[PDB]
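Asker: This is the structure I have questions about; it appears just below.
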Amino acid sequence: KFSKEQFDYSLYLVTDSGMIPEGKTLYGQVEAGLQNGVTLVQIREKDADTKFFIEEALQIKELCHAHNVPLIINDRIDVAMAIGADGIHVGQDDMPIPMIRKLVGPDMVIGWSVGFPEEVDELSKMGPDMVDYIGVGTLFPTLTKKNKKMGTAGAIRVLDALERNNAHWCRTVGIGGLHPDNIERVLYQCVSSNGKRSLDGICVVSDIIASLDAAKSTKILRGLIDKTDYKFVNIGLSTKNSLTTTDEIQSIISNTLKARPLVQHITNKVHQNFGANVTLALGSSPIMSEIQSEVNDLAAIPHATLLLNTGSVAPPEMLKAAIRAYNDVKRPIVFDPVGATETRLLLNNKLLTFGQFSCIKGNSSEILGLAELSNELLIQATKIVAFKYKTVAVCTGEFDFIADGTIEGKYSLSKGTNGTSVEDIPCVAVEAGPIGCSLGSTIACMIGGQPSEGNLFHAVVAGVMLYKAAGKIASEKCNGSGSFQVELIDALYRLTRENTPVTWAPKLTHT
Amino acid sequence: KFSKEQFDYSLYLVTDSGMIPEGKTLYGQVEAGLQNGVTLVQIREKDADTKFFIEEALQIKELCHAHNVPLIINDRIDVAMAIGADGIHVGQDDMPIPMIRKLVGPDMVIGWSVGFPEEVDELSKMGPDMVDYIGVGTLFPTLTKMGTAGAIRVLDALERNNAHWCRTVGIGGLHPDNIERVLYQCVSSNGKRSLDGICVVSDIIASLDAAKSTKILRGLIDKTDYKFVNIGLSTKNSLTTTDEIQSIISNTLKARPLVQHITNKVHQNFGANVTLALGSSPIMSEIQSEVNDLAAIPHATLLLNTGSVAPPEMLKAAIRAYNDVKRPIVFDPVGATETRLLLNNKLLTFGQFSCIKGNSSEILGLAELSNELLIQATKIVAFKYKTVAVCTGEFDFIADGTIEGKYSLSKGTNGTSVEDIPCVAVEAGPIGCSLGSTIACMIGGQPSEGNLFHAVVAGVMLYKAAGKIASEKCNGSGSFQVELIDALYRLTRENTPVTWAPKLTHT
Amino acid sequence: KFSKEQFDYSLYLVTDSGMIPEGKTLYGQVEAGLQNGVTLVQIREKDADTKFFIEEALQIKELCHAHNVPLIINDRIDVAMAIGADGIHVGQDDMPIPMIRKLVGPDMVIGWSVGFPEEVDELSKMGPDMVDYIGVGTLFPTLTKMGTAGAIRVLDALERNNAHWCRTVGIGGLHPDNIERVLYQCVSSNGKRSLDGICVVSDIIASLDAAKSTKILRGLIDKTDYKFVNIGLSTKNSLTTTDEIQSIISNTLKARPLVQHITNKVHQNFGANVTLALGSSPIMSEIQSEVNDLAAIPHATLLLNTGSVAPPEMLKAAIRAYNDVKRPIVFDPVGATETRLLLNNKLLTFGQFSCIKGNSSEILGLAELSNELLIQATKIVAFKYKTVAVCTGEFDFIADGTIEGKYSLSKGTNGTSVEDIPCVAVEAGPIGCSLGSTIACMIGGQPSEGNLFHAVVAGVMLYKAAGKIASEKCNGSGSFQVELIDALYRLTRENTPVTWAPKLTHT
Ligand SMILES: Cc1ncc(C[n+]2csc(CCOP(=O)(O)O)c2C)c(N)n1
Ligand SMILES: Cc1ncc(C[n+]2csc(CCOP(=O)(O)O)c2C)c(N)n1
Ligand SMILES: Cc1ncc(C[n+]2csc(CCOP(=O)(O)O)c2C)c(N)n1
Ligand SMILES: [Mg+2]
Ligand SMILES: [Mg+2]
Ligand SMILES: [Mg+2]
């Protein structure tokens with residue numbers, strides 16, 4: 001018999017009998033997992049005879065208690081009472097929490113499956129001793145649950161309602177579609193806005209239970225869960241609070257010129273050509289492939305980068321493949337969501353759950369939207385985006401605000417961030433007096449050439465300066481919309497062919 | 001809150017959500033049912049969200065409690081404790097009973113789906129306050145999720161273990177077309193216990209007129225007479241007199257009975273002769289469609305063999321057609337082997353027989369086991385199937401288990417056990433399915449005011465009597481057979497039973 | 001490299017690659033069998049790349065040449081010349097025989113698939129050095145790609161043509177449940193020829209244990225006793241004495257045999273009566289599941305008619321069932337027309353009969369064709385189907401063709417031909433399925449030490465004697481029939497054969 005505060009939600013294993021690899025037992029699997037982590041166990045029988053249920057449940061509570069880890073049951077309250085369970089997990093369509101508590105009395109843990117912030121509101125109007133831990137939504141598509149309606153974005157919305165309502169007593173785990181190919185990302189971008197709360201643990205089912213080798217699969221998840229660095233891009237992620245110096249900007253450009261980045265553009269037909277020209281100017285080769293099979297070979301090429309629009313004709317099933325393919329080799333993705341309308345809203349949020357981006361670029365509307373909402377306003381909104389999607393965010397306008405919410409690639413369980421909140425991540429401005437997707441292309445090239453020892457922040461900033469600089473130079477040499485565009489590409493070339501950033505007009509202050 | 005002894009098991013309604021006619025509600029049906037009986041209610045949700053379960057079970061608990069009838073839950077104990085239910089019913093593959101008792105404490109009614117005697121044994125090894133009532137087996141084929149004989153074996157285990165505390169209900173396929181029969185033969189062998197109640201589902205829930213279906217079952221449930229055959233069933237203990245035997249034969253001769261023979265090929269011919277001899281007409285139809293029209297003809301009678309070639313589906317048909325027009329069926333299970341055991345035990349659950357006729361071996365098999373021994377088995381068969389049971393041999397024993405056609409809930413029989421039903425004997429000194437045909441004809445010609453038992457005995461005399469005559473006038477197996485038919489013809493054509501050789505004593 | 005004469009056709013294995021149980025190799029089986037018999041191997045690939053074929057016919061020619069056993073290829077000649085094979089087997093739809101003998105030249109073995117006599121004619125007018133051996137038709141239904149009668153016709157042509165250079169193996173559905181019967185009744189009509197060996201497979205290759213399967217098949221082949229009926233099979237040339245006929249009748253009254261009749265409607269009734277008279281119990285089952293249960297009962301006997309309405313699949317069930325337990329079967333083909341001719345020949349390949357009964361017509365067809373004529377046919381039938389055979393007329397002829405249940409490879413009998421089996425006659429002057437029932441009862445009664453032949457005769461005498469007696473005490477067709485049954489009753493209730501009118505002489 002344990003006590004609420006003894007429950008280690010680190011690596012929470014949930015079982016499913018009908019999914020076991022031929023030649024193995026539910027016990028065998030659930031065992032090899034206790035020898036390598038699986039620090040908590042839920043028994044799940046959605047179909048078996050409520051007797052065979054009790055038999056298998058008793059059989060596993062001996063193995064469990066043996067390794068000193070609790071057993072939880074789902075979602076049969078009676079079976080829990082019957083066999084001396086340590087806790088029960090119930091869903092939103094199962095017996096109400098108040099009724100359960102009256103039958104079981106305080107001291108027994110209660111899980112509740114929560115997917116929306118509106119459900120955290122009810123969990124709170126019940127006070128402590130009611131709910132003890134929630135399993136958050138269904139983060140990713142899974143083939144385990146056979147029947148209602150997520151991503152990290154959705155889980156943030158819930159961790160945030162756990163704070164607004166100050167439900168200190170209630171822990172959290174993330175569950176569903178969780179595998180080694182996205183655990184770090186999930187752990188990494190699942191923090192409350194104020195940086196105070198994160199997931200206390202991770203849930204798996206088809207990852208150990210369905211495994212031809214549960215011993216290894218469990219040891220692997222352990223590896224990731226209590227690591228603390230998500231090095232998602234092969235650049236430096238160090239937090240730099242010092243403004244970007246002329247010497248820094250100059251060395252960024254020599255690298256991007258000397259390493260001829262290959263920048264794959266997945267974007268609309270109107271930027272296709274233009275964007276290719278900005279790339280050619282910046283001394284790098286552009287490829288416009290939306291071909292799924294190619295994607296992994298393309299991203300294999302040295303110093304490759306992915307710049308990425310919405311409204312592209314490519315099927316989401318290819319974006320998901322491309323995005324992943326770049327993250328697997330740890331190369332930079334520059335995201336730019338042009339949206340706004342109901343369809344694009346959906347598409348953009350689906351994309352944001354496919355992987356981890358090194359930069360998210362947008363204008364006023366697209367940024368205020370992404371933050372889930374002046375000048376003091378844009379700044380606060382750029383920082384929210386930056387933090388939320390753990391990325392360098394750029395907000396374009398008369399002023400350009402950059403913000404670094406990468407936080408050196410740190411995650412931890414529950415902690416959650418090191419007191420580092422939305423409000424105080426580095427954010428800098430760039431302006432050059434009154435005067436599109438071409439920036440994305442520029443940003444893309446600067447990050448692209450950076451070496452192991454580079455820095456992702458100074459890169460994204462150098463880019464904004466280079467562009468705003470060509471921006472000022474063109475607007476003076478031009479005759480109208482037509483020639484402005486071709487003198488912009490001209491300026492971008494001359495400027496980076498002579499690395500004299502001590503010359504360019506944009507002024508770089510603190511925001 | 002009720003007490004265990006406040007539970008009325010009469011008409012016990014189990015609910016099913018996905019079976020209600022379009023335009024109607026689970027509240028709707030279960031309301032009209034309470035108004036005309038439905039003296040107990042179980043909610044059953046094998047599929048629904050365990051919340052909508054709670055919701056829908058609170059809403060029906062107000063309805064039930066208002067007509068003052070309990071509410072039982074199958075088979076989630078949690079849902080039961082949760083909503084303060086009155087009882088819970090659990091099946092064999094559900095939560096062990098000791099565990100349930102431990103979570104609900106004594107005072108809650110527990111139900112246990114029992115279909116085999118061996119499980120009544122575990123129910124007793126637990127003592128009272130454990131299992132409080134049981135649902136017996138699956139009596140008949142049903143499409144929502146043994147026979148009456150399979151239930152009796154249970155009601156018998158409840159007696160040998162003296163588990164007085166345990167009530168019973170019958171369940172599975174129960175409808176107006178067999179309720180009265182279930183009730184009528186579902187009694188313990190010592191006659192002291194019967195079913196406390198009848199349990200339905202598809203019969204009220206799935207009714208386009210719930211109100212009306214409930215009023216019909218109540219109709220049958222608390223009546224007490226199964227007039228299953230248009231003949232008198234009075235219990236006569238006065239040996240059949242010579243004037244009685246006489247009158248029987250006059251009636252069978254004056255109404256020219258029509259006897260349907262569903263038998264093998266070997267008896268076909270010989271059986272029709274014996275019928276003809278008796279002044280009546282045989283029909284050897286084994287055609288399903290014809291069956292209703294046939295049995296509607298005046299004084300129709302069905303004689304029935306096993307090992308006939310006709311399919312079970314049609315035998316089911318026939319037996320039914322004849323019990324519907326309240327006419328007499330005479331059963332004769334020749335068998336013994338695995339196939340014939342299975343086939344007969346299926347036929348015996350298709351309807352009610354007016355007389356089962358076997359020889360020594362057949363009789364011991366049916367009775368589920370000398371001369372004192374034959375007598376016991378012949379009673380056992382007679383009481384077990386509530387019928388007149390004949391047993392052939394040097395001595396023929398006739399036993400009357402019709403008990404005037406009386407049933408009742410839990411009573412069960414007026415204490416009238418296997419041991420004390422009328423059993424007589426017939427014998428005519430040392431000397432088959434022809435007996436079937438004789439008996440058949442005799443019962444056939446009986447008028448509303450007649451008597452079944454006396455008629456079956458008349459048959460066994462007449463036959464035994466024509467027997468001695470033949471054996472005296474024959475040159476061998478060959479001519480014995482024609483003369484047996486002749487003597488039957490000469491005997492019935494002169495009603496002087498005071499002349500006949502066979503002596504009829506008590507057993 | 002072998003010679004034509006070093007070919008041991010005893011156990012002839014024929015591979016099939018796609019039928020080996022998961023976990024086993026064609027090498028593993030073909031090896032496993034070599035160590036327990038498998039005295040000649042053929043390689044059969046009707047589907048694989050003619051390369052892989054080649055590799056596998058080499059790998060397996062080592063394994064074979066090592067156990068000193070040849071290797072035959074079918075039906076690709078090239079592959080046989082190519083890997084230095086010992087012989088080629090070709091069918092009817094394959095390369096003509098002349099062409100082959102030119103490309104491979106003498107000293108190599110050529111086996112032909114023959115299944116009709118005509119094909120033996122072709123095979124004769126080609127002389128020796130052409131066809132060496134021949135696999136005979138398909139004997140029984142098989143799933144891998146006539147009966148033992150079809151085989152006989154072929155083994156006859158091989159003699160009428162005098163193809164002394166030609167061996168024979170039987171093939172097609174050969175399994176433990178039917179190998180001895182095949183080995184036993186598959187001899188020449190002149191008794192000088194029989195099968196030189198037996199072709200599997202799907203019995204060794206398909207086997208979950210190829211070693212055991214091959215040991216068994218060995219057991220059967222070089223044994224020389226087919227005990228198919230648990231009764232004496234001794235040849236007796238001593239006319240059946242009065243004492244024996246009397247003993248015969250006591251044994252059968254005392255043992256009350258159970259005679260299962262499978263027959264039409266018109267012999268049902270009459271049939272049971274005769275059996276009854278003979279003091280034995282008749283069963284009229286045509287029920288498939290009961291059939292194994294029935295034949296387990298003591299002293300059981302199967303009387304089989306044609307034109308019964310029973311499905312062929314069931315008669316197969318039954319005929320096997322009685323052979324499995326070694327109890328007697330009496331066959332009575334009533335036909336004559338295309339459909340009946342078929343059905344009959346088909347039953348005569350389901351199992352081993354103890355007696356075949358027919359009249360002039362029926363007995364003539366079964367022989368495949370006066371008073372000298374009816375004797376030669378009765379002998380032919382008796383010998384062909386290895387059984388006691390009975391031709392009914394004014395004279396009745398009985399012929400013991402069982403030869404003591406003796407079989408041996410190629411030999412094949414012990415010079416006992418169709419012309420010289422014991423055949424006796426029975427007559428009583430000028431005067432059906434009844435005689436079937438009578439015989440079935442007299443054989444049924446016999447104990448381990450009895451004699452099939454004497455019993456068959458006993459029956460014919462009894463039935464004949466009861467004939468003369470009835471013909472006298474009767475007034476017509478009707479009274480004759482009943483009187484006949486009576487006389488059977490009387491005659492057997494007093495075993496005084498010395499009294500009977502029927503005269504028993506040699507034929
Ligand atoms: C602690 C807890 N939270 C939520 C639920 C409901 N739930 C959401 S998705 C899913 C399947 C995950 O398997 P996989 O890892 O194969 O995607 C489960 C069972 C629960 N039963 N327990
Ligand atoms: C009290 C009790 N005894 C047994 C059972 C199990 N069971 C046996 S038959 C069947 C279907 C009845 O509807 P129908 O009239 O269509 O046969 C049911 C539900 C139970 N749940 N409750
Ligand atoms: C010697 C010889 N005779 C005939 C043939 C043709 N053939 C007739 S039956 C059959 C398969 C029977 O196996 P089973 O019935 O045991 O499955 C085959 C292979 C041949 N290839 N060689
Ligand atoms: Mg649930
Ligand atoms: Mg149940
Ligand atoms: Mg061929």
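Labels used: A, B, ... for chains in the order of the structure tokens, numbers from 1 for residues in each chain, and numbers from 1 for ligands as shown.
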As a quick test: using only C-alpha atoms and all ligand atoms, which residues lie no more than 7 Å away from ligand 4? Give them as a PyMOL selection string.

Answerer: chain A and resi 74-75+90-94

Asker: Export N, CA and C atoms of the chosen residues as a PDB file, in the first residue's frame?

Answerer:
```pdb
ATOM      1  N   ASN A  74      -8.663   0.022 -14.735  1.00  0.00           N
ATOM      2  CA  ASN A  74      -9.351   0.872 -15.686  1.00  0.00           C
ATOM      3  C   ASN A  74     -10.311   0.048 -16.509  1.00  0.00           C
ATOM      4  N   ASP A  75     -11.593   0.339 -16.370  1.00  0.00           N
ATOM      5  CA  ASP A  75     -12.072   1.421 -15.537  1.00  0.00           C
ATOM      6  C   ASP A  75     -13.138   0.850 -14.615  1.00  0.00           C
ATOM      7  N   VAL A  90     -10.293   6.470 -14.623  1.00  0.00           N
ATOM      8  CA  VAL A  90     -11.601   6.504 -15.271  1.00  0.00           C
ATOM      9  C   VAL A  90     -11.670   7.585 -16.336  1.00  0.00           C
ATOM     10  N   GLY A  91     -12.587   7.419 -17.285  1.00  0.00           N
ATOM     11  CA  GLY A  91     -12.705   8.313 -18.424  1.00  0.00           C
ATOM     12  C   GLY A  91     -13.849   9.291 -18.290  1.00  0.00           C
ATOM     13  N   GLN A  92     -14.038  10.104 -19.320  1.00  0.00           N
ATOM     14  CA  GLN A  92     -15.029  11.175 -19.270  1.00  0.00           C
ATOM     15  C   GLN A  92     -16.456  10.644 -19.446  1.00  0.00           C
ATOM     16  N   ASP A  93     -16.556   9.413 -19.941  1.00  0.00           N
ATOM     17  CA  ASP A  93     -17.839   8.755 -20.180  1.00  0.00           C
ATOM     18  C   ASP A  93     -18.028   7.584 -19.217  1.00  0.00           C
ATOM     19  N   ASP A  94     -17.253   7.573 -18.131  1.00  0.00           N
ATOM     20  CA  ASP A  94     -17.373   6.550 -17.087  1.00  0.00           C
ATOM     21  C   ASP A  94     -17.902   7.176 -15.794  1.00  0.00           C
TER      22      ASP A  94
END
```

Asker: Using DSSP on the backbone, list every residue of region 92-322 of chain C that comes out as strand (DSSP E), and give them as a PyMOL selection string.

Answerer: chain C and resi 109-114+133-136+167-171+197-199+258-262+281-283+300-305

Asker: Restricted to N, CA and C atoms, what would the selected residues look like written as a short mmCIF file (atom, residue, chain, number, x, y, z; two decimals), in the first residue's frame?

Answerer:
```cif
data_model
loop_
_atom_site.label_atom_id
_atom_site.label_comp_id
_atom_site.auth_asym_id
_atom_site.auth_seq_id
_atom_site.Cartn_x
_atom_site.Cartn_y
_atom_site.Cartn_z
N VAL C 109 14.33 -48.29 -67.76
CA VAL C 109 12.98 -48.71 -67.40
C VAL C 109 11.92 -47.71 -67.80
N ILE C 110 10.87 -48.20 -68.45
CA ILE C 110 9.76 -47.36 -68.87
C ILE C 110 8.44 -47.83 -68.26
N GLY C 111 7.88 -47.02 -67.37
CA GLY C 111 6.61 -47.31 -66.73
C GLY C 111 5.46 -46.53 -67.34
N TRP C 112 4.34 -47.21 -67.57
CA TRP C 112 3.19 -46.60 -68.24
C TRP C 112 1.96 -46.52 -67.33
N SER C 113 1.24 -45.41 -67.40
CA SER C 113 -0.04 -45.28 -66.70
C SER C 113 -1.19 -45.92 -67.48
N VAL C 114 -1.59 -47.12 -67.07
CA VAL C 114 -2.67 -47.85 -67.73
C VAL C 114 -3.86 -47.98 -66.79
N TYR C 133 7.07 -51.81 -66.63
CA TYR C 133 5.99 -51.92 -65.65
C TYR C 133 4.86 -50.92 -65.94
N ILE C 134 3.74 -51.07 -65.24
CA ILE C 134 2.62 -50.16 -65.40
C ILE C 134 1.88 -49.90 -64.09
N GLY C 135 1.66 -48.63 -63.79
CA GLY C 135 0.80 -48.23 -62.68
C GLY C 135 -0.64 -48.34 -63.14
N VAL C 136 -1.46 -49.05 -62.37
CA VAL C 136 -2.84 -49.34 -62.78
C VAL C 136 -3.85 -48.29 -62.31
N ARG C 167 5.64 -55.84 -65.24
CA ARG C 167 5.22 -55.78 -63.84
C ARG C 167 4.02 -54.84 -63.67
N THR C 168 3.47 -54.81 -62.46
CA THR C 168 2.32 -53.96 -62.14
C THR C 168 2.43 -53.45 -60.73
N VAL C 169 2.12 -52.17 -60.55
CA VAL C 169 1.89 -51.62 -59.23
C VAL C 169 0.48 -51.06 -59.23
N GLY C 170 -0.15 -51.03 -58.06
CA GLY C 170 -1.43 -50.37 -57.92
C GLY C 170 -1.19 -48.97 -57.41
N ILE C 171 -1.98 -48.00 -57.85
CA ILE C 171 -1.83 -46.64 -57.33
C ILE C 171 -3.19 -45.93 -57.20
N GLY C 197 3.47 -54.62 -56.36
CA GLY C 197 3.70 -53.67 -55.28
C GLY C 197 2.69 -52.55 -55.22
N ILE C 198 2.88 -51.67 -54.24
CA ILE C 198 1.91 -50.64 -53.92
C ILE C 198 2.48 -49.22 -53.96
N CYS C 199 1.81 -48.34 -54.69
CA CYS C 199 2.19 -46.93 -54.77
C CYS C 199 1.44 -45.99 -53.83
N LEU C 258 -27.71 -58.94 -34.11
CA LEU C 258 -28.32 -57.68 -34.50
C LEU C 258 -28.07 -57.37 -35.97
N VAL C 259 -29.10 -57.57 -36.79
CA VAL C 259 -28.99 -57.42 -38.23
C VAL C 259 -29.50 -56.06 -38.69
N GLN C 260 -28.58 -55.17 -39.05
CA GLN C 260 -28.96 -53.86 -39.56
C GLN C 260 -29.27 -53.96 -41.05
N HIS C 261 -30.52 -53.69 -41.40
CA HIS C 261 -30.96 -53.72 -42.80
C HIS C 261 -30.88 -52.32 -43.40
N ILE C 262 -30.24 -52.19 -44.54
CA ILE C 262 -30.31 -50.95 -45.30
C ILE C 262 -30.96 -51.29 -46.63
N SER C 281 -32.63 -59.61 -33.76
CA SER C 281 -33.20 -58.26 -33.76
C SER C 281 -32.82 -57.47 -35.00
N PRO C 282 -33.83 -56.98 -35.73
CA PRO C 282 -33.69 -56.11 -36.91
C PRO C 282 -33.63 -54.61 -36.57
N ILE C 283 -32.65 -53.90 -37.13
CA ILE C 283 -32.61 -52.45 -37.05
C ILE C 283 -32.70 -51.86 -38.44
N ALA C 300 -23.02 -58.35 -34.49
CA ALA C 300 -23.74 -57.46 -35.40
C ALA C 300 -23.46 -57.80 -36.85
N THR C 301 -24.38 -57.44 -37.73
CA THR C 301 -24.33 -57.85 -39.12
C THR C 301 -25.02 -56.84 -40.01
N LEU C 302 -24.43 -56.58 -41.16
CA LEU C 302 -24.96 -55.58 -42.06
C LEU C 302 -25.55 -56.22 -43.32
N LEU C 303 -26.84 -56.05 -43.53
CA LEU C 303 -27.46 -56.51 -44.76
C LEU C 303 -27.64 -55.30 -45.65
N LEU C 304 -27.09 -55.35 -46.84
CA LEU C 304 -27.08 -54.18 -47.70
C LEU C 304 -27.78 -54.44 -49.03
N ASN C 305 -28.78 -53.62 -49.33
CA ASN C 305 -29.41 -53.62 -50.64
C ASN C 305 -28.96 -52.43 -51.45
#
```

Asker: Could you list the protein, DNA and RNA residues that have any atom within 10 Å of ligand 3, counting only C-alpha atoms and all ligand atoms, and write them as a PyMOL selection string?

Answerer: chain C and resi 9+12-16+19+41-46+72-75+88-92+110-115+133-145+168-175+197-206

Asker: Go ahead and write the selection's residues with C-alpha atoms as a tab-separated table (two decimals), in the first residue's frame.

Answerer:
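Printed below is selection.tsv as written:
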```tsv
chain	number	residue	atom	x	y	z
C	9	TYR	CA	8.09	-52.94	-56.83
C	12	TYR	CA	6.92	-47.71	-54.46
C	13	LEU	CA	7.21	-44.11	-53.20
C	14	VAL	CA	6.13	-41.20	-55.45
C	15	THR	CA	7.23	-37.74	-54.33
C	16	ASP	CA	5.22	-34.52	-54.23
C	19	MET	CA	2.53	-31.29	-49.45
C	41	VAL	CA	11.40	-44.05	-55.67
C	42	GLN	CA	9.88	-41.85	-58.36
C	43	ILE	CA	10.36	-38.10	-58.65
C	44	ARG	CA	7.34	-36.00	-59.49
C	45	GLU	CA	7.43	-32.32	-60.28
C	46	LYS	CA	4.48	-31.29	-62.37
C	72	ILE	CA	12.43	-42.97	-61.59
C	73	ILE	CA	11.50	-39.70	-63.27
C	74	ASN	CA	8.10	-38.63	-64.54
C	75	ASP	CA	7.55	-37.49	-67.02
C	88	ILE	CA	11.12	-42.88	-66.59
C	89	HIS	CA	7.39	-43.11	-65.80
C	90	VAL	CA	5.12	-41.61	-68.45
C	91	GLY	CA	1.35	-41.41	-68.78
C	92	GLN	CA	-1.18	-41.75	-71.61
C	110	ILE	CA	9.76	-47.36	-68.87
C	111	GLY	CA	6.61	-47.31	-66.73
C	112	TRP	CA	3.19	-46.60	-68.24
C	113	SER	CA	-0.04	-45.28	-66.70
C	114	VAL	CA	-2.67	-47.85	-67.73
C	115	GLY	CA	-6.26	-47.92	-66.53
C	133	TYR	CA	5.99	-51.92	-65.65
C	134	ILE	CA	2.62	-50.16	-65.40
C	135	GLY	CA	0.80	-48.23	-62.68
C	136	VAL	CA	-2.84	-49.34	-62.78
C	137	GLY	CA	-5.53	-46.64	-63.18
C	138	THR	CA	-6.62	-44.59	-60.22
C	139	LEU	CA	-7.96	-47.07	-57.70
C	140	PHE	CA	-9.81	-44.86	-55.25
C	141	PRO	CA	-10.65	-41.16	-55.11
C	142	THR	CA	-7.56	-39.02	-54.46
C	143	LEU	CA	-6.65	-35.34	-54.02
C	144	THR	CA	-3.09	-35.53	-55.37
C	145	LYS	CA	-3.77	-35.63	-59.14
C	168	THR	CA	2.32	-53.96	-62.14
C	169	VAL	CA	1.89	-51.62	-59.23
C	170	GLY	CA	-1.43	-50.37	-57.92
C	171	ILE	CA	-1.83	-46.64	-57.33
C	172	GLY	CA	-4.44	-44.09	-56.16
C	173	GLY	CA	-5.82	-43.52	-52.67
C	174	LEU	CA	-3.81	-46.36	-51.17
C	175	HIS	CA	-3.85	-46.09	-47.37
C	197	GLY	CA	3.70	-53.67	-55.28
C	198	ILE	CA	1.91	-50.64	-53.92
C	199	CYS	CA	2.19	-46.93	-54.77
C	200	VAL	CA	1.72	-44.24	-52.15
C	201	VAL	CA	1.82	-41.21	-51.50
C	202	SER	CA	0.17	-38.38	-49.53
C	203	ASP	CA	0.59	-41.19	-47.00
C	204	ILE	CA	4.31	-41.00	-46.50
C	205	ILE	CA	5.19	-37.49	-47.76
C	206	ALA	CA	2.16	-35.81	-46.20
```

Asker: Which chain A residues are at most 12 Å from chain B (counting only C-alpha atoms), as a ChimeraX atom specification?

Answerer: /A:46-55,74-84,90-104,147

Asker: I'd like the neighbourhood of residue 59 (chain A) as JSON, numbers by chain, where a residue qualifies if any of its atoms comes within 12 Å (using only C-alpha atoms), though same-chain residues fewer than 2 positions away should be ignored.

Answerer: {"A": [26, 27, 28, 30, 31, 43, 52, 53, 54, 55, 56, 57, 61, 62, 63, 64, 65, 66, 71, 83]}

Asker: Using only C-alpha atoms, I'd like every residue of chain C that has an atom within 8 Å of chain B; please write them out as a list in words.

Answerer: residues 265, 268, 269, 272, 273, 276, 277, 284, 285, 289, 290, 293, 294, 482, 483, 484, 485, 486, 487, 489 and 490 of chain C

Asker: In Å to one decimal, how far is CA of residue 61 (chain C) from CA of residue 1 (chain C)?

Answerer: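 Taking CA of residue 1 (chain C) as the start and CA of residue 61 (chain C) as the end point, the length is 11.2 Å.
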
Asker: Would you please extract all helix (DSSP H, G or I) residues from region 209-455 of chain A, as assigned by DSSP on the backbone, and give them as a PyMOL selection string?

Answerer: chain A and resi 214-225+246-258+269-281+295-298+316-328+342-351+364-371+376-388+407-409+422-424+437-449

Asker: Residues at most 6 Å from ligand 1, using only C-alpha atoms and all ligand atoms? Could they come as a list in words?

Answerer: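 So, counting only C-alpha atoms and all ligand atoms, the residues near ligand 1 are residues 113, 135, 138, 142, 144, 145, 175, 176, 177, 178, 204, 205 and 206 of chain A.
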
Asker: Name the closest residue to ligand 2 among the candidates B:66, B:132, B:431, B:463; distances are taken between atoms, counting only C-alpha atoms and all ligand atoms.

Answerer: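 The shortest atom-to-atom distance to ligand 2 comes from B:132.
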
Asker: What is the distance between CA of residue 6 (chain B) and CA of residue 34 (chain B), in Å to one decimal?

Answerer: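 Atom-to-atom, CA of residue 6 (chain B) to CA of residue 34 (chain B), that is 16.4 Å.
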
Asker: What's the separation between CA of residue 422 (chain B) and CA of residue 236 (chain B), in Å to one decimal place?

Answerer: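 These two atoms are separated by 7.8 Å.
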
Asker: Which residue, C:432, C:502, C:335, C:191, has the smallest gap to residue 366 (chain C) when you use only C-alpha atoms?

Answerer: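 Among the listed residues, C:335 lies closest to residue 366 (chain C).
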
Asker: Near residue 359 (chain C), within 7 Å and counting only C-alpha atoms, which residues show up once chain neighbours fewer than 2 positions away are dropped, as a PyMOL selection string?

Answerer: chain C and resi 361-363+391-393
